[PDB]
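**Q**
Protein chains: 2
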Amino acid sequence: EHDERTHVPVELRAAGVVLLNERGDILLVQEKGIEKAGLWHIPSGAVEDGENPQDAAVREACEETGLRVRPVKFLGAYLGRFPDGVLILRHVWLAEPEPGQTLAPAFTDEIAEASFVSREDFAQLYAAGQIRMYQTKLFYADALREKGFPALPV
Amino acid sequence: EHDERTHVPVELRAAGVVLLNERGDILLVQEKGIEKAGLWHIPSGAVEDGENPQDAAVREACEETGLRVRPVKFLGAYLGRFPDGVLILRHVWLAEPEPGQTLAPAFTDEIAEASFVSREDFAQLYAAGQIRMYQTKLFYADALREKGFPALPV
Numbered sequence: 592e593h594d595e596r597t598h599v600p601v602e603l604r605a606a607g608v609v610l611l612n613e614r615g616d617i618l619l620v621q622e623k624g625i626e627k628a629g630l631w632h633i634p635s636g637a638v639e640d641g642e643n644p645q646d647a648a649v650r651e652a653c654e655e656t657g658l659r660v661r662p663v664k665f666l667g668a669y670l671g672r673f674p675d676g677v678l679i680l681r682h683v684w685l686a687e688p689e690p691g692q693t694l695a696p697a698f699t700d701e702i703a704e705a706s707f708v709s710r711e712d713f714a715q716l717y718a719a720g721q722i723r724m725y726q727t728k729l730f731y732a733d734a735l736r737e738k739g740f741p742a743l744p745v
Numbered sequence: 592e593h594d595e596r597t598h599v600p601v602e603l604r605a606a607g608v609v610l611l612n613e614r615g616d617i618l619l620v621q622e623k624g625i626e627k628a629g630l631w632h633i634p635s636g637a638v639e640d641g642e643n644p645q646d647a648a649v650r651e652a653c654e655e656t657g658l659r660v661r662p663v664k665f666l667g668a669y670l671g672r673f674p675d676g677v678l679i680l681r682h683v684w685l686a687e688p689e690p691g692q693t694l695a696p697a698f699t700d701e702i703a704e705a706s707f708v709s710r711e712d713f714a715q716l717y718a719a720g721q722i723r724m725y726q727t728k729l730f731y732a733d734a735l736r737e738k739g740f741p742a743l744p745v
């Protein structure tokens, strides 16, 4: 790695989880509106400057869904750029919920609700253009493979 | 996250580890030349397209140092750009070696050797400009804090 390269500053970092239950259903969060319903995405939030992204993913998951989760394995990170040029690096971990918990979403001006969705219904949501970031499907597929669950309908 | 942003393709991904032993010494790999000795960096290597970065970090660590390591916690990822415009995302995990192992570096045209360096000597190497990527110091400091070890000399 002695080949020279310049630094590309990333101003924002987000961290979230692909949380699967025992049946392979995925936990998703729904936006509050856009007659159209809000789109769905994984539990995720901003990583404070200097804080560990993995810890942030766990914190954000709890804040949005009310569930305490355990990070199991890092799945990946991808880069986006806002119109003003700001870069955001999104991090995703495969996670599992701690036992004996009840889903209790934090309803805000940004979150309408959160819930577990089956593989089959997720496929319908995706085909219907209801998954905000298509990367959710890519990471869900990764998670299913890791946990040994059946692949998404196809 | 309903705010629109474009995708910024990252062509290359690398994964490595900040591997600390029981004393808080860090495992570093030395380049083969540049009368000047090669610089030092963490065990790290290319993530194959499609393969899990965390698994790659573990694989690369073993390939370069001969040590089987266990990923403990994700520390962070940062972005670089080669002169031709290619982006590379480097991933770093805090790792621990499996018990009862002997350091046996893989000597190649790129690696002269690998070894454990103490906090105090690392500080000297850094001040001397012998650490290829300054991010190594940032992540080493992160690792020391995580493991409850004393901070680097200062």
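The listed protein sequences correspond, in order, to chains L and P.
Heads up, the first sequence is in my numbering, so the first residue is 592 and it goes up one at a time.
Heads up, the second sequence is in my numbering, so the first residue is 592 and it goes up one at a time.
All residues carry an ideal CB built from backbone N, CA and C; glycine is no exception.
Helix, strand or coil: which one does DSSP assign to residue 654 of chain P?
**A** helix
**Q** Closer than 6 Å by C-beta to residue 657 of chain P: which residues in its own chain qualify, once you throw out the five before and the five after it? Chain order, please.
**A** 695
**Q** Can you round the beta-carbon distance between residue 670 of chain L and residue 680 of chain L to whole angstroms, since I take them to be within the 8 Å contact cut?
**A** About 6 Å; that satisfies the 8 Å criterion.
**Q** So if DSSP puts residue 682 of chain L in a beta bridge, which residue, or which two residues, is it bridged to?
**A** L:606, L:668
**Q** Is there a Cβ from chain L that is less than 8 Å from the Cβ of residue 702 of chain P?
**A** no
**Q** What does residue 622 of chain L pair with, by DSSP beta-bridge criteria?
**A** Bridge partners of residue 622 of chain L: L:702.
**Q** Give a yes or no on whether 8 Å exceeds the smallest Cβ distance from residue 627 of chain L to chain P.
**A** no
**Q** Rounded to the nearest angstrom, what separates residue 740 of chain P and residue 709 of chain P at their Cα positions?
**A** 12 Å
**Q** Whose C-alpha, out of L:661, L:628, L:699, is nearest the C-alpha of residue 689 of chain L?
**A** Measuring C-alpha to C-alpha distances from residue 689 of chain L to each of L:661, L:628, L:699 identifies L:661 as the nearest.
**Q** What is the rounded straight-line gap between the Cα of residue 633 of chain L and the Cα of residue 703 of chain P?
**A** 44 Å
**Q** Within a Cβ cutoff of 7 Å, which residues of the same chain sit near residue 724 of chain P, ignoring the five residues on either side of it in sequence?
**A** 632
**Q** Near residue 742 of chain L, which residues of its chain fall below 7 Å by C-beta distance, leaving aside the five closest residues on each side in sequence?
**A** Hits under 7 Å: 732, 735.
**Q** Whole angstroms is fine: what's the gap from residue 598 of chain L's alpha carbon to residue 636 of chain P's?
**A** When rounded, the distance between both Cα atoms is 18 Å.
**Q** Is the beta carbon of residue 605 of chain P closer than 8 Å to that of residue 638 of chain P?
**A** yes
**Q** Using only CA atoms, which one of L:737, L:700, L:593 lies nearest to residue 622 of chain P?
**A** Nearest C-alpha to residue 622 of chain P: L:593.
**Q** Going by C-alpha to C-alpha distance, which of L:618, L:629, L:607 sits closest to residue 701 of chain L?
**A** L:629
**Q** Listed in chain order, which residues of the stretch 630 to 648 of chain P have Cβ atoms closer than 8 Å to some Cβ of chain L?
**A** 630, 632, 635, 643, 644, 645
**Q** Under 8 Å, Cβ to Cβ, is there at least one residue of chain L near residue 722 of chain P?
**A** no
**Q** Quick one: list the residues of chain P neighbouring residue 596 of chain L, beta-carbon separation under 7 Å, in chain order.
**A** 671, 672, 673, 679
**Q** Between which residues of its own chain and residue 596 of chain P is the CB-CB distance below 6 Å, once the five residues before and five after are set aside?
**A** none
**Q** Can you tell me whether residue 613 of chain P is buried or exposed? The criterion is at least 16 other CB atoms within 10 Å of its CB, across all chains shown.
**A** exposed
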